[PDB]
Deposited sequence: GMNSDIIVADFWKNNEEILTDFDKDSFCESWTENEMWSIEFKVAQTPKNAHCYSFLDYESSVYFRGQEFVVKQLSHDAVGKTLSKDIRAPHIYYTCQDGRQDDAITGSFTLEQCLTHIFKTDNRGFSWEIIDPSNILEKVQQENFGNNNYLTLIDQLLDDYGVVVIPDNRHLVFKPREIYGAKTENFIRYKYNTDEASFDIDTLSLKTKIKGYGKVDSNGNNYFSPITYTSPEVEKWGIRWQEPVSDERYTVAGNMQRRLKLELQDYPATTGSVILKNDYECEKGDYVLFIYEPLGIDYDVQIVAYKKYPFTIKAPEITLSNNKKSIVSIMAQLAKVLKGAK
């Protein structure tokens, strides 16, 4: 449980001591942020400043924000080392039918900046995507594109990046929520504003205005419950053949009420599933762990965010704003 701090130049390293244990917070939100924040009061080299590394439970975080007030007090915000990949650019672009492996190779070919990667896909879920000018961006933006293109998640262990198809990210647990109303341990925002039961996927349109392939349709089994309601189609001008489009549609269709909540659950479990039972209507569906907030040096339980909201993290935060406002 010792925290280690090193200056950017790695000449001063020590155990961090003068920090507020109740301040100390580790926070993660799926594909948005992973950071630690804490407050230190002091009473003589530099160990903790901009660009210092802070080592906590086997992971490295780098000081990017730091306040100075005066004894003296500093409030640190340190994003996980993963986020430093944004310092890298791949200006070169490639076009063609490529695997995730070929794309990741493209990102890091000229300067890997200490990053490595692997793809875990033993069932061969993934397939090629037709890239057009893949590149000309910073490494993080490029990775984020791949996540969307291939239907994968990235799980950083320091600068080693593990990519997995969404299907094998998170396992079914034995946790479940029988939801009748909000409690101390579980509060949810639920709506049907985005409830849809059928969606189309369209590829490229030729110079004559004709489609390369007939659009793909994906229909939820909940079409029986709610009737046909059309989600905005996926339209991807790069696809001249269906490719992974069908799976893309199923990944995107919001065929259950958008449900986002903050819970205390009864280990690391990013992406793990909890069965959500919406009791008033007897409708059962999975919600996933999409965020956490830990105070590891206190007796507080981790605060977990569970969601099935496929739209966006901003849509998820809107729902949580309603949860917090009450």
> Deposited sequence versus model: which ranges have no CA atoms?
Replying inline: 1-3, 47-51, 79-81, 278-280, 341-342
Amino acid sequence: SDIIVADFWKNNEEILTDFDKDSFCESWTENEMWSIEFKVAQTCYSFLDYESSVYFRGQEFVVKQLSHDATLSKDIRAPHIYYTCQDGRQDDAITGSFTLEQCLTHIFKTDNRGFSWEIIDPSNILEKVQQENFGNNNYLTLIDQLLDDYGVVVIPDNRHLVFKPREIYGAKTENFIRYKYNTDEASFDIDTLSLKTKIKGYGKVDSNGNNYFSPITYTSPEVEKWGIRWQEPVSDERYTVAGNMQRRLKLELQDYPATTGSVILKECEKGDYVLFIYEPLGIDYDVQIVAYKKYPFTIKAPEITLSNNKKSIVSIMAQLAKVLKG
From here on, numbers count along this sequence of modelled residues.
>> Highest mean C-alpha temperature factor of the two stretches 207-215 and 232-240, which is it?
In response: 207-215
>> If you take the mean CA temperature factor per stretch, which one wins between 253-261 and 293-301?
In response: 293-301
> When the CA B-factors of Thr105, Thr197, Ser73, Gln145 are compared as recorded in the entry, which is the largest?
Replying inline: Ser73
>> Ranking every modelled residue in this chain by its Cα temperature factor as given in the entry, which third contains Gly114?
In response: middle
> Split the chain's modelled residues into thirds by Cα B-factor; is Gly135 in the lowest, middle or highest one?
Replying inline: middle
> If you rank the chain by CA B-factor, which third does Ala6 end up in: lowest, middle or highest?
Replying inline: lowest
> Once the chain's modelled residues are ordered by C-alpha B factor and cut into thirds, is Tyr273 in the lowest, middle or highest one?
Replying inline: highest
>> When the deposited Cα B-factors of this chain's modelled residues are ordered and cut into thirds, is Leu126 in the lowest, the middle or the highest one?
In response: lowest
